[PDB]
Amino acid sequence: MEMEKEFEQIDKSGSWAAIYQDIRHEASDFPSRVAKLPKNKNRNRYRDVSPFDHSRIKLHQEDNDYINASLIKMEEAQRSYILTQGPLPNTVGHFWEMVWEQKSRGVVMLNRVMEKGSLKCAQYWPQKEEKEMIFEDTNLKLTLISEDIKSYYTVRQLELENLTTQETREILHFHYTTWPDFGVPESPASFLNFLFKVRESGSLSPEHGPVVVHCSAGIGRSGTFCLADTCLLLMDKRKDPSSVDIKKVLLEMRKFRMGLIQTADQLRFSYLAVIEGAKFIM
Ligand SMILES: CC(C)(CO)NC(=O)c1cccc(Cl)c1
Ligand SMILES: CC(C)(CO)NC(=O)c1cccc(Cl)c1
Ligand SMILES: CC(C)(CO)NC(=O)c1cccc(Cl)c1
């Protein structure tokens, strides 16, 4: 079926939970043996969210190459994304090592450091120009260059230096700051505006390594971001845009990381975002 009318048909019939449970039943199951090794317990935020072995990002290190991060490679859309958990106190150096090694231009953050009164990820970037951060375990230096605070999101320019070679690179930090502590946003307008700002920066384009996107677990809000982006790109590329099937695209993405889209409300929000986005594109 088309999307907008499939949408109203699920709303009128109140069957979002049944649609979402079908997706969960049909989703891929692949091994995640490296994630479950005992030496990696303090590298995982949640025991039930792990990268598959076949698609995990490897650190270029011989001691321990493990990080909780996955490469989502979308062949028809010609887009790639790295989805990862919010960094932990003992993985902030690994996180920036990955950004460096994968040649990423941008980092997309969809959570606040504290939500619901608890810590959802480490404070992993510097908050003042004159107070830079040094990650001694991976030999990197990170400096805040500039910050632009808007009503729904903040964009930061960062300098990452490889202290071994003295090479430097400019990284863009795109921080969506207004996702509610509970539920999903009422309107997708600010989320779509944010997606378009990431696109306009070049961070999603083939002349760079894959964008790094995270929330707390790296599957819910993060899944919503890449699902909406890929669906809108396919609607632009194909002769018949009504052939784009968001459930099929989501199942394709779940070949590369488990659990993408965590609730039926996140599924409905993803439909809403793609529907409204497709009208603005033209
Ligand atoms: C990312 C770079 C190349 C930047 O200095 N660092 C490393 O690869 C690294 C990894 C593990 C340990 C240490 Cl000392 C450096
Ligand atoms: C702007 C320059 C030319 C360094 O001055 N390139 C980068 O900063 C950069 C950023 C991300 C990835 C990689 Cl490979 C390079
Ligand atoms: C340039 C086009 C028209 C794509 O062809 N779209 C946008 O610039 C845009 C901006 C904000 C929100 C949304 Cl959904 C689209």
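Structure method, as recorded: X-ray crystallography, 1.7 Å.
Positions of Cβ are set from backbone N, Cα and C atoms, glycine also.
According to DSSP, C215 (active site, phosphocysteine intermediate) is assigned to coil rather than to any helix or strand. The feature active site, phosphocysteine intermediate is assigned by Swiss-Prot to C215.
Positions annotated as substrate binding site by Swiss-Prot: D181, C215, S216, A217, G218, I219, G220, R221, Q262. The 10 Å shell around the Cβ of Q262 (substrate binding site) contains 18 further Cβ atoms across the protein chains shown. Taken residue by residue with DSSP, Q262 (substrate binding site) is part of neither helix nor strand, so it is coil.
Annotation comment: Swiss-Prot describes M1 as N-acetylmethionine. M1 (N-acetylmethionine) carries neither a helix nor a strand DSSP state and counts as coil.
Here Swiss-Prot flags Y20 (among others) as phosphotyrosine, drawing on a large-scale study or a structure entry. Under a cutoff of 8 A between CB atoms, and with a sequence separation of 6+ in the same chain, the neighbours of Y20 (phosphotyrosine) are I261, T263, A264, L267.
Residues annotated as phosphoserine in Swiss-Prot: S50 (among others). The C-beta environment of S50 (phosphoserine), restricted to residues of the same chain at least 6 apart in sequence and closer than 8 Å, consists of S32, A35, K36, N44, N68, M258.
A C-beta separation below 8 Å, combined with a sequence spacing of at least six in one chain, links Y66 (phosphotyrosine) to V34, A35, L37, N40, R43, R56, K58, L59. Secondary structure from DSSP puts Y66 (phosphotyrosine) in a beta strand. What Swiss-Prot lists as phosphotyrosine is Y66 (among others), and the listing cites experimental evidence.
When Cβ atoms from all protein chains are considered, those within 10 Å of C215 (active site, phosphocysteine intermediate) total 26, not counting its own. The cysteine sulfinic acid (-SO2H) annotation in Swiss-Prot covers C215.
Look at Swiss-Prot and you will find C215 tagged as S-nitrosocysteine.
According to Swiss-Prot, the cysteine persulfide annotation covers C215, on the basis of experimental evidence.
If you look up Swiss-Prot, you'll see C215 marked as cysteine sulfenic acid (-SOH), on the strength of experimental evidence.
According to Swiss-Prot, the feature phosphoserine maps to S242 (among others). With a cut-off of 8 Å between CB atoms and residues at least 6 apart in sequence, the same chain places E2, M3 near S242 (phosphoserine), listed in sequence order.
Positions annotated as phosphoserine by Swiss-Prot: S243 (among others). Sequence-distant contacts (6 or more apart, same chain, Cβ under 8 Å) of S243 (phosphoserine) do not exist in this structure.
Reduced to three states, the DSSP call for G220 (substrate binding site) is coil. Just so you know, the Cβ of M1 (N-acetylmethionine) picks up 10 other Cβ atoms within 10 Å once every protein chain is counted. For the pair formed by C215 (active site, phosphocysteine intermediate) and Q262 (substrate binding site), distance between Cα atoms is given as 12 Å, rounded to the nearest Å. Taking CA atoms as the reference points, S216 (substrate binding site) and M1 (N-acetylmethionine) are 33 Å apart.
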